[PDB]
Structure formats: C-alpha cells, structure tokens
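part one of the complex, left exactly where it sits:
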Amino acid sequence: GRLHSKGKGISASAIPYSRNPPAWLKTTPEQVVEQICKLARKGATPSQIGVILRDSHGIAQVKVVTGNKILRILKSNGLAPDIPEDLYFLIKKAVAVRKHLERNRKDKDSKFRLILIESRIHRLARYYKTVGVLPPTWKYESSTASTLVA
Amino acid sequence: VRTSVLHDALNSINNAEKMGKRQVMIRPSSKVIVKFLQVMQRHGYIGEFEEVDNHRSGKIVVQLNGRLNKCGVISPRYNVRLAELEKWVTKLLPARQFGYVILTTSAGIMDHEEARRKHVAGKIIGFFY
Amino acid sequence: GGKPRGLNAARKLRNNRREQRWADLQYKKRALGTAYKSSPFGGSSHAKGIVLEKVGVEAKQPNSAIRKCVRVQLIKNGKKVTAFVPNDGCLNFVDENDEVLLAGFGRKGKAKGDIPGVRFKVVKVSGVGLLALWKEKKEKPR
C-alpha cells in the first residue's frame, strides 16, 4: 500500500486521453510562460501555480498547452528552487514537530512518529544524492536544519 | 508488488478456462505477452485477442473456446543445455506426442520442438499442454 | 514454502542448510562421534574382556524370569559393564577369568527385549565358540 501504513486508498486524479487543447482555449503557449514566471517570483512553489491557473482561467494541463513541463520551464528561466519542494516541506514538518516535542517532554507518541519522518527524509535524500540534484557530500544534520527552511 | 505480469496473465487464463469462461481480462501488456499469444494461436488453443491501447500500458482481451488444458510459468529462469532439454519434457509434460515447452533464445521465443530443430538452447519461460 | 527463489540466492540456501541438518538424530550421533568417545566400544564391532562374576537380573512386570547376565572387564580402558549370555546353560561353561569375546544386540544404544540395562552378548569363550560347544562340535580346553 504505502510506505508506513496498511491502508489501501486509491484517491488520485485521472489524466484525460486527449493530448490536444480544446477548441475554446484560444491561448498561445508563449504568453502563459511569463505569467508562470511572475507567479514563481511572487512566491508560489511549482505545486500551486498549476492549481491557481486552473482555477482562475483556462489552462487545465500546462504540458499539453505548451509542450514543456512546468519545472523544466522554471529551470530554463532560472527560477528552480535550490531544494526540491517535497523534501523542503518534509524538513519543515520535521522541525516543527521536534519543536513541539522538546516543549512537551512526555508526548510519547511523537517520539515514535519522528523516527518515521526522519527515515523518510533519509530515503528521499539518498535518492536525490544518487540522482545528482544535490551534491554527494550534503548531509542532514538535525542541529542546524532549522536554518535551511527559513 | 507485481513481479511477473506473464504469471498473472497465465494464472487468470487458467482460472477462467477452468471456470468455463469465453473471455478473459489481462491488465498489463508487454512484448513477451503479445508475442506469446500468436504462439498460443498457431496450435489452436485460443481464439481472437484484442488489446485496447490506453496511454498508460494497454490491456489484453483473449477469447477462449475451451480446448485448453493448463498454462503455467517457471519463475526462476534456469539455464538449460541442448543435451538435457528432454529432461524437462519428461518432467512437466503428460506425453511427447502433444504439448510444448517454450524457450527464449537470441532468435526469438519458440517451443521446445522447433527449438530442437534449430539446435539451440537458452532460458525457460513457460509451458502449455 | 517460503524459501528464497532468486537466481543468485544459493548462498542463503546452502548456509541455512547445515544448521537445519543438525536437527537429525543420526547426523548428531555421527558428527559428535560419541561412539568414539562415550560408547564402550571404540567404534568397533567386537571386543575382548575378562569375566569377573555372574549375576541374575529379574525381567520387567509382564514377564517373569532371571536373565543371567555377567560382569566383564575391558582390556582397552578398564571400566565395568554388564553383558548377556545367550542360548541355554552357558553359565556352567563360563567360569571366572575366562577371556570372553563380546558383541552387540543391534538395538543401537537402547535396551533390548525385557533384559534391563545390558547391551552386550558373549560370542566366544576361550576362543572356541558358544553355539559350537553347545552342539558338541568342539571340546572346551582346560
């Protein structure tokens, strides 16, 4: 099922069979990218630019409209984040939970939880290191990890 | 996790045939599966098959008409010389007159009977009778 | 069921095998060689000894008899064991200090029949043979 559970949910999204824009879209690929770059500099992580553009006006899938992937666009325009967003958010969650635990000494379950979060951090960092996005000498030290997020 | 789509396909076919069905569902499709089906057809053991092509992996629908006894898969792909290839036919085939053991070699996959005429050996992938 | 099945997993199967083999009684008996160490016979078939006295032992509950065993002194290591005398009437022939020859019952380290705690039988006395003397094929030397 999932890495740490026995649940078997299947909630997800289904990609339509068609790979062509609808006839009512009438939006060129060139203009959208600059809107993407302004929102990226405005602060949104690549995750929610798609949902905000989808909700606000028109484009549901950026790939079919422009022929290029969203992160690829940001990388080619020099706006890619230094650290991947999923690992960034996982670190932020782990630091905030540790911050709660040192204040609440006898919060007995969160000690068990921290092992799961840190083990997933180590597995994802090992993948990123073995693929080359992060330098091979990068290490996750719990003491100063709070500075990386903010 | 899924470790043998071929094993899943043959198991589902064997179950449906034992249950008297006429059509079967195979979720994953691969080159080994598709090349397996014509080999099945050339001896009359199955009928028409259709593979609908969704963009993910495709599916398989083969049509059965009875006439099929069993179809199994050997999971560890052993290495067999040419001289002892008759040991396997002695092991897991009811008789030499009918039944086929399928091998994979550098010249495509084929049954053990045409493989003997090709004077070639390789790895074992399944059997049917 | 449940064994490793991979194509390069022969190491787990052979290494796991030896420990499991110890669970066999015959294997343990051979491997520790207690017969070479603990058994009265030094892993051999026969042995020679000297009789010291004749003792009678009563059988278990359903039967009722005296089995007429004998005490023997081993030359090899000087320990004391008890042995049986087969056929009938052999006790008269077998005197004290008679240089007997012994063998086993074939029960492989456990008691045989109704005779308790005795594992050996006399084959020869003064090197002539019991059954031959019983059938008067030979005469016991003095």
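Looks like it came in fine. Residues are numbered from 1 along each chain as shown, chains lettered A, B, ... in the order given.

and the longest strand belonging to chain C, what's buried?
The longest strand of chain C (DSSP state E) is strand C:47-55. For strand C:47-55, the neighbour count (16 or more other CB atoms under 10 Å in any protein chain shown) marks C:47, C:49, C:51 as buried. Where you see a C-beta, it was placed from the backbone N, CA and C, and this is true even at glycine.

of all those, which comes closest to chain B?
Among those, residue C:47 lies closest to chain B (CB to the nearest CB), at 50.4 Å.

how far out from the middle of the chain is stretch A:53-73?
Stretch A:53-73 sits 16 Å away from the centroid of its parent chain (CA atoms, centre = their mean, to the nearest Å).

what is the longest helix along chain A packed up against?
Secondary structure of chain A read by DSSP state H shows that its longest helix is helix A:108-131. Secondary structure elements in contact with helix A:108-131, counted by 3 or more CB pairs under 8 Å, 6 or more residues apart in numbering or on different chains; DSSP states H and E, are helix A:85-103.

and the helix it packs on, how far out from the chain middle?
With CA atoms, centre = their mean as the basis, helix A:85-103 stands 15 Å off its chain's centre.

could you list every helix and strand in contact with it?
Applying 3+ CB pairs under 8 Å, 6+ apart, we find helix A:85-103 packed against helix A:108-131, helix A:145-149.

relative to helix A:85-103, how tilted is the longest helix of chain A?
Relative orientation of helix A:108-131 versus helix A:85-103 (axes from the mean of the first three to the mean of the last three CA atoms, to 10 degrees): 150 degrees.

what residues does helix A:108-131 touch?
The contact list for helix A:108-131 (CB atoms under 8 Å, 6 or more residues apart in numbering or on different chains) reads A:3-4, A:84, A:86-87, A:90-91, A:93-94, A:97-98, A:100-101, A:104, A:134-136, A:138, A:140.

how about the strands in chain B?
With DSSP E, the ranges of strands along chain B come out as B:23-26, B:49-50, B:60-63, B:71-72, B:79-80, B:100-105, B:108-111, B:122-128.

add RNA strand D to what we have:
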RNA sequence: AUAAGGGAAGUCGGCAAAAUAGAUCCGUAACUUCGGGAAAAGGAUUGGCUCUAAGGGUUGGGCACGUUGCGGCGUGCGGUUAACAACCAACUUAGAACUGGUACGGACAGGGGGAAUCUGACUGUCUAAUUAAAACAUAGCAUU
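Once RNA strand D is put in with the chains from before, the structure reads:
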C-alpha cells in the same frame, strides 16, 4: 661488624638481624561497588672514550615618479622565492664503533612477596608518666 656446611631443627611466637630497593624497556591473575587490585607476581640494560641524527631565534626580497641632504619617506602597481642567505643560542632524546681482571643506581640515598580466616566500611580521635585497639567519632537509616 664478619663468619665454612645446614637454613627456623631455636622460641609462646621469624623477637632482633639479613635479603629486595633509583631510572629505561617488556610482562601482569583471581575478585570487584568497574573507580581499583598494580610498583601485582616476574624478567633485561646501567662505566670510560670517539662520533652521528633530531628538537629554535633574529634580519633581508619588484618596478614608476615627488620633498628633505647613496640615503629615511610619501605613494601608485605586480609575484608568494617549486624556500633561499647570513648571524646568534642552552639543554633534552635516539643510534654506532672502540675499550676493561664481566665491572659500571660502584660512596650516599633506597618497597620483601604470595595463598587464606576473624574483626571494623574508609580518612580521623583518646587514658600527658605501663593498655592506640575490635574502643570513640563519622556520612547513611529510623523514631519522638
């Protein structure tokens, strides 16, 4: 103070005396409150003379112009001497050859050790002028 051979056979009792002793290098048990026991037990070297090696300090680094009488400066701008040259200064450590009536911490100075039992946990204190101990005190524990 010294004594041939024996080495506690003397005596209530090894009382008195003798034996070991510095430094460098090896090696070190049972037990344990894991801090110890431990310098455990038990071994090897130590002179004279002639040499070798190691451990430091101080002063010096290119052009391009302008004042002051070959020099102190004021500057601007390059390179890190593949670390060079001179002078100065006490001791500590390691190694080699030769040498002797085989001796060398040559005087002085300088732990005998091991296997067990009784008793008090330890350091400490008292009958000045016959008893320093198992006696007293101690931290800890409990009660009013």
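
hang on, the earlier thing: which residues sit against the longest strand of chain C?
Applying CB under 8 Å, 6+ apart, the external contacts of strand C:47-55 come out as C:40-41, C:68-76, C:82-83, C:91, C:94-102.

let's see it at 7 Å
Strand C:47-55 is contacted by residues C:41, C:68-76, C:91, C:94, C:96-102 when judged by CB atoms under 7 Å, 6 or more residues apart in numbering or on different chains.

ok, now how distant is residue B:22 from residue B:70?
Distance from residue B:22 to residue B:70, counting by CB to CB, to the nearest Å: 18 Å.

between those two, which one's more packed in?
residue B:70 (15 against 11; other CB atoms under 10 Å in any protein chain shown).

show me what contacts the more buried one?
Contacts of residue B:70 (CB under 7 Å, 6+ apart): B:14, B:129.

if you set the cut-off to 8 Å instead, what comes out?
Residues in contact with residue B:70 (CB under 8 Å, 6+ apart) are B:14, B:128, B:129.

quick one, phi psi at it?
phi -160, psi 150 (degrees, to the nearest 10).

residue contacts, the closest residue to chain C within chain B?
Of all residues in chain B, residue B:76 sits closest to chain C, at 5.7 Å by CB to the nearest CB. Counting by CB under 8 Å, 6+ apart, residue B:76 touches C:5, C:6, C:7.

and the longest helix seen in chain C, what does it pack onto?
Of all the segments of type helix in chain C, defined by DSSP H, the longest one is helix C:10-21. For helix C:10-21, there is no helix or strand it packs on, judged by 3+ CB pairs under 8 Å, 6+ apart.

any idea how far it is from the middle of the chain?
Its chain's C-alpha centre and that of helix C:10-21 lie 35 Å apart, by CA atoms, centre = their mean.

please save the CA atoms from it in CSV.
Provided in CSV are the C-alpha atoms of helix C:10-21 (Å, rounded to 0.1, in the frame of the first residue of the first chain):
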residue,chain,number,x,y,z
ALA,C,10,22.3,-20.1,-3.5
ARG,C,11,24.3,-18.7,-0.5
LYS,C,12,21.3,-18.4,1.8
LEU,C,13,20.1,-21.9,0.8
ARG,C,14,23.4,-23.7,1.4
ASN,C,15,24.3,-21.8,4.5
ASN,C,16,20.9,-22.3,6.1
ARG,C,17,21.0,-26.0,5.2
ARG,C,18,23.8,-27.1,7.6
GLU,C,19,22.2,-25.7,10.8
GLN,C,20,18.9,-27.5,9.9
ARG,C,21,20.8,-30.7,9.3
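
could you also fit RNA strand E onto it:
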RNA sequence: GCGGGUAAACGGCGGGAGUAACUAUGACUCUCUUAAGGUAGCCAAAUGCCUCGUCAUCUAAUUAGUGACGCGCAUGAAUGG
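With RNA strand E now in place:
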C-alpha cells in the same frame, strides 16, 4: 482504679508419647501448657561445659589452621542477621 493503643520503647519467643513391605529415622497422630512458643539465616565462630566433638585436607608425626556435619549447656534479625 476502670477501658483502648503502642515493640527501629525496656524485653520475650516450650515439653511428653506412638508410627513407613530388614535396620535406622519419623513425613504423620494424640497429649499437657500461654501473651507468643526462634521464621529467614548462621555456627565447637571472639558466643559449646562435656571437647583434644566426628569426617576430609595440610605434616614423617599437629590439643594449632581451613572446609563440612548440628536437639545450639547458653546463635538469631536497627539490644540488628
């Protein structure tokens, strides 16, 4: 005076007869007796008269030493084991 509590308060914590297919012992049982009848432990020990107790070890020889045995004249739990 009468009636309750209190032992890390002072202190205390027993005798006699029978009984298992040899012999020995007594698991077991009757009996007198009051505040309770020495539990866990330990021992010829600095505490035992009979005593130089009995067995083993150390010695050529040991009233000495050590390890065990326990109806202990008269061991024993903060008078602490």
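
what do you get for the contacts of strand C:47-55 once RNA strand E is counted?
Outside strand C:47-55, the residues touching it (CB under 8 Å, 6+ apart) are C:40-41, C:68-76, C:82-83, C:91, C:94-102.

which ones among these map onto strands?
C:69, C:70, C:71, C:72, C:73, C:74, C:82, C:83, C:100, C:101, C:102.

get me the contact residues on chain C for chain B.
Within chain C, the positions adjacent to chain B are C:5, C:6, C:7 by CB under 8 Å from any CB of the partner chain.

so residue C:115 touches residue C:83, yeah?
No - counting by CB atoms under 8 Å, residue C:83 is not a contact partner of residue C:115; they are 10.3 Å apart.

joint contacts of these two?
residue C:69.

now, of the contacts of strand C:47-55, which are buried?
Going by neighbour count (16+ other CB under 10 Å), the contacts of strand C:47-55 have C:40-41, C:68-70, C:72, C:74, C:82-83, C:94, C:98, C:100-102 buried.

and the closest residue to residue C:75 other than its chain neighbours, how far from residue A:109?
Closest residue in space to residue C:75, ignoring its immediate chain neighbours: residue C:48 at 6.1 Å, by CB to CB, 6 or more residues apart in numbering or on different chains. As judged by CB to CB, residue C:48 and residue A:109 stand 78 Å apart.

before we move on, what about residue A:21?
In terms of CB to CB, residue A:21 sits 49 Å off from residue A:109.

kindly report the same for residue B:110.
Taking CB to CB, one finds residue B:110 at 60 Å from residue A:109.

circling back: can you check what angle separates the longest strand of chain C from strand C:69-74?
Going by the same axes, to 10 degrees, strand C:47-55 makes 140 degrees with strand C:69-74.

next, the residue nearest the centre of chain C: phi, psi?
With distances taken as CA atoms, centre = their mean, the residue of chain C nearest its centroid is residue C:104 (3.6 Å). The phi and psi values for residue C:104, taken as degrees, to the nearest 10, are phi -100, psi 170.

related to what we said a few turns ago, of residue B:110 and residue A:109, who's got more company?
residue B:110 (19 against 8).

could I get the full set of helices for chain B?
According to DSSP H, the helices that chain B contains are B:5-18, B:31-41, B:85-91, B:112-118.
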